[PDB]
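Chemist: Submitted below is the structure of interest, expressed as structure tokens.
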Amino acid sequence: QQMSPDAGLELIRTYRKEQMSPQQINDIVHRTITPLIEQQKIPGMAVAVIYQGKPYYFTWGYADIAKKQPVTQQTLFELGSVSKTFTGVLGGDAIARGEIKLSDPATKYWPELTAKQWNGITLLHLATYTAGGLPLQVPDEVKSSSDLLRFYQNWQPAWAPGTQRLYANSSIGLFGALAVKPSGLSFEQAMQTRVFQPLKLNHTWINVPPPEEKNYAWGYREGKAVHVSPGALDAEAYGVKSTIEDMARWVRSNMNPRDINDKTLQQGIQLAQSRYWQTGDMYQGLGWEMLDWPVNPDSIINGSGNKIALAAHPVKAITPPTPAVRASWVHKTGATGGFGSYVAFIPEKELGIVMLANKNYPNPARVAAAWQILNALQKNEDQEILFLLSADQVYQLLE
Amino acid sequence: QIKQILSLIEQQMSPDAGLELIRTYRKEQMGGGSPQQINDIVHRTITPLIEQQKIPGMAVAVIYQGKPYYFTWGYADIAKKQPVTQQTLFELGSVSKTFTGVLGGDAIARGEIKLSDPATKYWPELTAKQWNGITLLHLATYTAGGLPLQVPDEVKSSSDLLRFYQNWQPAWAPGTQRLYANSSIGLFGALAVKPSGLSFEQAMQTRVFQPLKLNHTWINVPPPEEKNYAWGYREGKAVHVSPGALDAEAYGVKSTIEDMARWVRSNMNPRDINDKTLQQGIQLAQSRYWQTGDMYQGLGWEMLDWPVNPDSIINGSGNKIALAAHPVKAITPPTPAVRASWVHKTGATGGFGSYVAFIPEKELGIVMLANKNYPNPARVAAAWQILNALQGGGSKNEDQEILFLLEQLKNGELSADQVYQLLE
Amino acid sequence: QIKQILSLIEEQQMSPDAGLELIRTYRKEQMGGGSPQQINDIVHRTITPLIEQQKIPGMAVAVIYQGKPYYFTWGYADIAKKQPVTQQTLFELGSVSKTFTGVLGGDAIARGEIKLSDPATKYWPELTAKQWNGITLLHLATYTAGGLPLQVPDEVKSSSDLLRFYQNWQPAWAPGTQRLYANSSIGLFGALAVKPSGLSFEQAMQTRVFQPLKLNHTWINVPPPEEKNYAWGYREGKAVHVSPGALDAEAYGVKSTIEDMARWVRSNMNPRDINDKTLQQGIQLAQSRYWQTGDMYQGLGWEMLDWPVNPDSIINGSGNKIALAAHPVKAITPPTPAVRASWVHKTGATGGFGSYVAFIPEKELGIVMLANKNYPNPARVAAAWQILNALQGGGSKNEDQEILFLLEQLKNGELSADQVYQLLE
């Protein structure tokens, strides 16, 4: 209608979505996840779908196989690396609280850290895996604070900071450990009072209280029931346990920060999705990873595979950090020895999905299934409409 | 009341805190920021500056608690016996860059550019190998690798300019040294307006000047305004800034003391601006991108942590230091505009000397326009004297040693009564 | 049409003079007209070659047609500053200031403060020399005192220095016999005419001429907030301003804008619209005819010729060879009241400014030419004559006398309507 093409593209997408609380949600969730459960031999799965700001939960399988215990909406799964999204957000909170700057060097908060190669390494580098070759894991022998200080003072980098991005638990682990030092609280207390309790995530635990071990599900690796074994900085990197309800609340909160009474935590949620680095079509936030939406499905699917996600890539400093783009695919994979988790959402379209499973199955399957689900819920061939914006030529070129 | 400050000086009084408070209580004790005290300190500082530096004419604006106070001396045109007035136009010189920076900032807030974009993105014909890793941020912050202080006077065409930049040999890698230069930020300003389709003068007019009602600020003085365009004076001769390549972006703005007071006010409190991308633009222009000594580089503006070491800004304004190369550490990501800052910029032409400096949290500011190019340390020293006196304190030795007395009351030792007896 | 005019003249209903004037406007509008376009055309076509020929940096011209002003600007008030001449630019009027001085004197007469027939020594008793016995204010105002010098000497720098200057002066002629243009004469007249008021000349001029006429940008001393409009004068390429001198305010020291000067010319054309009664009578007295020299009449500052004029006479007579020479005067006793059918004008100059003012009151026509270079008088008077004549119809004294003969016979008999029509066409 002689229209401004800008609104024409997106609004056309929304009408195409109006074509099809759609119980279709139940349909596509079943048609996508059931072949995934059967195909991957997944003992139990909890899946939450956020549609129009409202959660719809779906539970399959056993939380405890030998005990015939079913996965309920109160089952606790090991979030694994998804924990980082919390850490990041907590870090963001500190930034909003005026306690830290990402541009600050790490040693400003660990004074006892004095090795020469730690002079140009900043909290941003630790939070974004861009410190220059921190190992993917803290060594098992690290069991004390002086053991940890000994590990980092004797770490020798591969690269100069800000040049390379290597996914590592020690990087954002130390980031989380440092971001709370100006608070006075420990990491557990800080996360509990500044993130969990303000969002009323009342069954999300860094340490499962024994009165709650009944809901702690078993993870299954090679048929044996496993739980994540303790480690150093585990709370910052991979040691959060939550229920599908609390995780659905987590996605709701990371899509609509303007609904949170906490102002500092709101700005922190916004800062965790800021675009600090670029690699390919992926932007690195604080814990979260972002892409532009619409997105290339084979790119996020093949990019989720550990063959790529663990490989070091060079980064482009985005100055200033691009504020939280709503036309984004915000996601994070998680996994422990026995669990497999995935969180992905598109904030502009108010859409989200959480997928918790007590078996660690490959990330490409999770990103693939989530892409099929959220995809059918509403392409680059479509964006040819922006170039196509006469009336009969459009209606006929579509029909 | 002062006894309550002393008794508070416990963890109920910080490093600064009581220094600041005793400063404003000393302000209350002397005058108290009277519209008379302003005139008094401004005269006792600027008058000897004028007589010593042999400054033909001068205008000074003092922003105190967000209110402008204008002051005029001397002659805009010596021969014509024309006095400096509040409608007199001065050549801002390098202070023009504060506009360019802000304009650049606005472009960022519009999503038309990113400081991390490469220079070659907006000028593809810039094909030399040395331009490969150079970004708009490098150009805006004098960190491209050693661009020259001036664009040569003989650069007078587009091809002359292209050849100028192609033939430039960097002395350093991008992002490692700060060397102040008109070619750097000038090129930045010229590039930042290309996605808007406007000329630099038109973008500046419609995006900065007009939203701020800067109705007597010009890149090109229109003919009916030439009567207010003051003469610059270099060695007794009347002079005006000649046209040059990229002058509009680097040193070609002309303004009045009123418009300059409104500029400083707008950069102190962008929250009163209807234009949103201009407000964010100011915010980005006062962001801290690099650090050198105790100095942070914004977009045109330069910022120090407040309170500031007077000897550092005064000595650092001299051209032996201000124009030298210095190493930079990147502030990545850039810190947003810190209100506890001393934000300033010097400017000059052949025959004009100007300075602008403000402290945003204290709502304090000063503009100094003069039609002679006199040394920077004199300008920054006078400005520090005025702003220091007006904010409460006096003498750097008195500030350090009074901070010492308060630290003594903190570490027991001095204890309320003896501190007070020493102070009164 | 002309037919209506000739028939009306046959019917006694019109004077041959009114026939002459109306016919003048008719053939004026036959091809050109009194449209604001004819003004623009003749002004451009006259002043542009004047500026290009005389190498004039900047200029302002006001043309008053039927009491309305039309302004024109060229060039630069400040060359170096690239500052254009505008309607707020201040020029140095030079000797045109005398027209103000005269009018002020007239106002003084209308106030009953002075008499032109009083001796000068009455208002300056300390002037005790013998040669001052028969010299009156009229003599000083009209350059007929007996040979006062063109200039007051530069070494005259105090009131007593001035007294010594006038006491030791040697007259070459008896009062009332020769006209010698001189700043000392009318300058002394202006200084004396304000003495009974107790005001200074600057104060009397400000409150009694400038302020009643709303001449709000006319100055004897340019105040500091106005120096930005005070144009530079240019003499041999250098910028110059008129230096202070004895009696400068009375003789050549006024600065004005093209607007204020347009109001000055209108005020002298139609004083009948001025609330200030004594200023109105003062203007009228300043255009009275006190002496005759050739075809020229001397007023108070203003000089008058009968309109229409022989152009070569005003052009040639404006040159300094004649204008500064001594010429004998015939006394017009008593002075003729201000003749509206006159060419009333005055030239003025300083080192770096050249100005000219000329108006015809009966035709409500006028021109002001202010320029920041001192170029010869005949060029100014020629330009003004071309413009005003063109705007008035075509003129010429011989022509008007011929048409007046045909119209006189029209009122008598001899010709009759269709005759005069045929002879005119």
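Residue numbers (PDB author numbering), protein chains in the order written: chain C, 13 to 32, 36 to 393, 398 to 408, 417 to 426; chain B, 2 to 10, 12 to 426; chain A, 2 to 426. Positions of the beta carbon are idealized from the N, C-alpha and C atoms, including for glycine.
#1: Any contact between the segment 297 to 317 of chain A and the segment 127 to 147 of chain A? By contact I mean 3 or more CB pairs, one from each, below 8 Å.
#2: Mind checking whether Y71 of chain A and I40 of chain A have CB atoms under 8 Å apart?
#3: Under 7 Å between beta-carbons, which chain B residues line up against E228 of chain A? List them in chain order, please.
#4: Give the interface partners of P225 of chain A over in chain B, defined as CB-CB distance under 8 Å, in chain order.
#5: Considering Cα atoms alone, identify which of A:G414, A:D249, A:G135 is closest to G191 of chain A.
#6: Should the segment 45 to 59 of chain A be regarded as contacting the segment 362 to 382 of chain A, the criterion being three or more beta carbon pairs within less than 8 Å?
#7: Give the range of the beta strand (DSSP E) segment to which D119 of chain B is assigned.
#8: Determine the direct distance from the alpha carbon of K123 of chain C to that of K196 of chain C, and round the result to whole angstroms.
#9: Check the Cβ-Cβ distances between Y231 of chain B and every residue of chain A, and say whether any is below 8 Å.
#10: Pick helix, strand or coil for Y376 of chain A, following the three-state DSSP scheme.
#11: Is there contact here, the segment 234 to 254 of chain A with the segment 357 to 370 of chain A, by at least three beta-carbon pairs under 8 Å?
#12: Going by CA-CA distance only, name the one from A:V255, A:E415, A:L325, A:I43 that's closest to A385 of chain A.
#13: Just verifying my parser: in three-state terms, what is the DSSP assignment at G59 of chain C?
#14: Counting only the same chain and skipping the five closest in sequence on each side, list residues whose C-beta sits under 8 Å from that of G320 of chain B.
#15: Is the beta carbon of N230 of chain A less than 8 Å from the beta carbon of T100 of chain A?
#16: Which residues in the same chain have their Cβ closer than 7 Å to the Cβ of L94 of chain C, if we skip the five residues on either side of it in sequence?
#17: Residue ranges of each beta strand (DSSP E) run of no fewer than 3 residues wholly in the segment 79 to 108 of chain A, ordered along the chain?
#18: Buried or exposed for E403 of chain B, going by 16 or more other Cβ atoms inside 10 Å?
#19: Residues of chain B with CB closer than 8 Å to the CB of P336 of chain C, please, in chain order.
#20: Alpha helix (DSSP H) containing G20 of chain B: first to last residue?
#21: So, is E426 of chain A buried or exposed, given that buried needs 16 or more other C-beta atoms within 10 angstroms?
#22: Relative to the C-alpha of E304 of chain A, which residue among A:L7, A:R209, A:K347 is closest?
#23: So the candidates are B:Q288, B:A183, B:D119; which of them puts its Cα closest to the Cα of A324 of chain B?
#24: Just checking my contact of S118 of chain C with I110 of chain B at CB under 8 Å: how many whole Å lie between their CB atoms?
#25: Distance, Cα to Cα, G188 of chain A vs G246 of chain A?
#26: Can you give me the C-alpha to C-alpha distance between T219 of chain B and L216 of chain A, rounded to a whole angstrom?
#27: Closer than 8 Å by C-beta to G135 of chain C: which residues in its own chain qualify, once you throw out the five before and the five after it? Chain order, please.
#28: Could you list which residues in chain B have their beta carbon closer than 9 Å to that of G238 of chain C, in chain order?
#29: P312 of chain C lies in the beta strand (DSSP E); which residues open and close that run?
#30: Is it the case that the Cβ atoms of residue 11 of chain B and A339 of chain B are separated by a distance below 8 Å?
#31: Any chance you could list the alpha helix (DSSP H) runs of at least 4 consecutive residues sitting entirely within the segment 316 to 352 of chain B, in chain order?
#32: For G367 of chain B, write down the residues that DSSP places opposite it in a beta bridge.
#33: Taking its Cβ as the centre, do 16 or more other Cβ atoms sit within 10 Å of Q179 of chain B, making it buried, or is it exposed?
#34: Comparing C-alpha positions only, which one of B:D419, B:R209, B:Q420, B:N390 sits nearest to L21 of chain B?
#35: If you measure beta-carbon to beta-carbon, which residues of the segment 117 to 149 of chain C are closer than 8 Å to chain B?
#36: In chain order, what residues of the same chain have a beta carbon less than 7 Å from the beta carbon of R341 of chain A, not counting five sequence neighbours either side?
Modeler: On the basis of the coordinates in this document:
#1: With three or more CB-CB distances shorter than 8 Å, the segment 297 to 317 of chain A counts as touching the segment 127 to 147 of chain A.
#2: Locating residue 71 of chain A in the third sequence gives position 70, where the first residue counts as 1. Locating residue 40 of chain A in the third sequence gives position 39, where the first residue counts as 1. Yes, these two residues count as a Cβ contact at 8 Å.
#3: Taking the first residue of the third sequence as position 1, residue 228 of chain A is located at position 227. Result: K82, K83, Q84.
#4: On the third sequence, position 224 is the one that residue 225 of chain A refers to. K83, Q84, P85, listed in chain order.
#5: If you number the third sequence from 1, residue 191 of chain A lands on position 190. Of the listed residues, the one whose Cα sits closest to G191 of chain A is A:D249.
#6: yes
#7: Translated into positions along the second sequence, residue 119 of chain B becomes position 117. Taken as a continuous stretch (DSSP letters only), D119 of chain B belongs to no beta strand (DSSP E), as it is neither H nor E.
#8: Locating residue 196 of chain C in the first sequence gives position 181, counting from the first residue. Locating residue 123 of chain C in the first sequence gives position 108, counting from the first residue. Taking the straight line joining both Cα atoms gives about 10 Å.
#9: Counting from 1 along the second sequence, the entry for residue 231 of chain B is found at position 229. Yes, because at least one Cβ of chain A sits closer than 8 Å to the Cβ of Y231 of chain B.
#10: As a working note, residue 376 of chain A is residue 375 in the third sequence. Reduced to three states, the DSSP call for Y376 of chain A is coil.
#11: Between the segment 234 to 254 of chain A and the segment 357 to 370 of chain A there are fewer than three inter-stretch CB-CB distances shorter than 8 Å, so the stretches are not counted as touching.
#12: The residue given as residue 385 of chain A occupies position 384 in the third sequence. When only C-alpha atoms are compared, the closest one is A:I43.
#13: Residue numbering aside, residue 59 of chain C sits at position 44 when the first sequence is read from its first letter. Residue state for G59 of chain C is assigned as strand, using DSSP reduced to three classes.
#14: Numbered from 1 along the second sequence, position 318 holds the residue referred to as residue 320 of chain B. Same-chain partners within the cutoff: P377, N378, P379.
#15: The residue you call residue 230 of chain A lines up with position 229 of the third sequence. The residue you call residue 100 of chain A lines up with position 99 of the third sequence. No; because the gap between Cβ atoms is not below 8 Å, this pair is not in contact.
#16: Position 79 of the first sequence, counted from the first residue, corresponds to residue 94 of chain C. Same-chain partners within the cutoff: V255, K256, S257, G349, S356.
#17: Counting only runs of 3 or more, we get nothing.
#18: For the purposes of this step, residue 403 of chain B is taken as the residue at position 401 of the second sequence. By the neighbour-count rule (16 or more Cβ atoms within 10 Å), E403 of chain B is not buried but exposed.
#19: Indexing the first sequence from 1 puts residue 336 of chain C at position 321. Result: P335.
#20: In the second sequence, the residue the question calls residue 20 of chain B occupies position 18. Counting along the chain, the alpha helix (DSSP H) containing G20 of chain B begins and ends at 20 to 31.
#21: Here residue 426 of chain A refers to the residue found at position 425 when the third sequence is read from its first residue. Flag for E426 of chain A reads exposed.
#22: Numbered from its first residue, the third sequence carries residue 304 of chain A at position 303. Nearest option by C-alpha distance: A:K347.
#23: As a working note, residue 324 of chain B is residue 322 in the second sequence. If you compare the alpha carbons of B:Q288, B:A183, B:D119 with that of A324 of chain B, the shortest gap goes to B:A183.
#24: By one-based count along the first sequence, residue 118 of chain C stands at place 103. By one-based count along the second sequence, residue 110 of chain B stands at place 108. Actually they are not in contact, since the Cβ atoms of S118 of chain C and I110 of chain B sit about 18 Å apart, beyond 8 Å.
#25: Looking up residue 188 of chain A in the third sequence gives position 187. Looking up residue 246 of chain A in the third sequence gives position 245. Rounded to whole angstroms, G188 of chain A to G246 of chain A spans 11 Å at the Cα level.
#26: As a position in the second sequence, residue 219 of chain B is number 217, starting the count at 1. As a position in the third sequence, residue 216 of chain A is number 215, starting the count at 1. Going from the Cα of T219 of chain B to the Cα of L216 of chain A covers about 32 Å.
#27: For the purposes of this step, residue 135 of chain C is taken as the residue at position 120 of the first sequence. When the five nearest sequence neighbours on each side are left out, the beta carbons in the same chain lying within less than 8 Å of the beta carbon of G135 of chain C are those of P120, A175, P176, in order along the chain.
#28: Numbered from 1 along the first sequence, position 223 holds the residue referred to as residue 238 of chain C. Ordered by position in chain B, no residue passes the 9 Å Cβ test against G238 of chain C, which lies about 47 Å from the chain.
#29: Taking the first residue of the first sequence as position 1, residue 312 of chain C is located at position 297. Following the DSSP letters along the chain, one finds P312 of chain C in no beta strand (DSSP E) but inside the alpha helix (DSSP H) bounded by residues 312 to 319.
#30: Absent here is residue 11 of chain B, because the residues of chain B run from 10 on to 12 with nothing modelled in between.
#31: 321 to 324
#32: As a first step, residue 367 of chain B is located in the second sequence; it is residue number 365 there, counting from the start. Looking at the DSSP assignment, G367 of chain B forms a beta bridge with B:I65, B:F360.
#33: On the second sequence, residue 179 of chain B is found 177 positions in, with the first residue counted as 1. When all chains shown are included, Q179 of chain B counts as buried.
#34: As a working note, residue 21 of chain B is residue 19 in the second sequence. Distance from the Cα of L21 of chain B is smallest, within the candidate group B:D419, B:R209, B:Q420, B:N390, for B:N390.
#35: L117, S118, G135, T137, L139
#36: Position 340 of the third sequence holds residue 341 of chain A. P362, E363, listed in sequence order.
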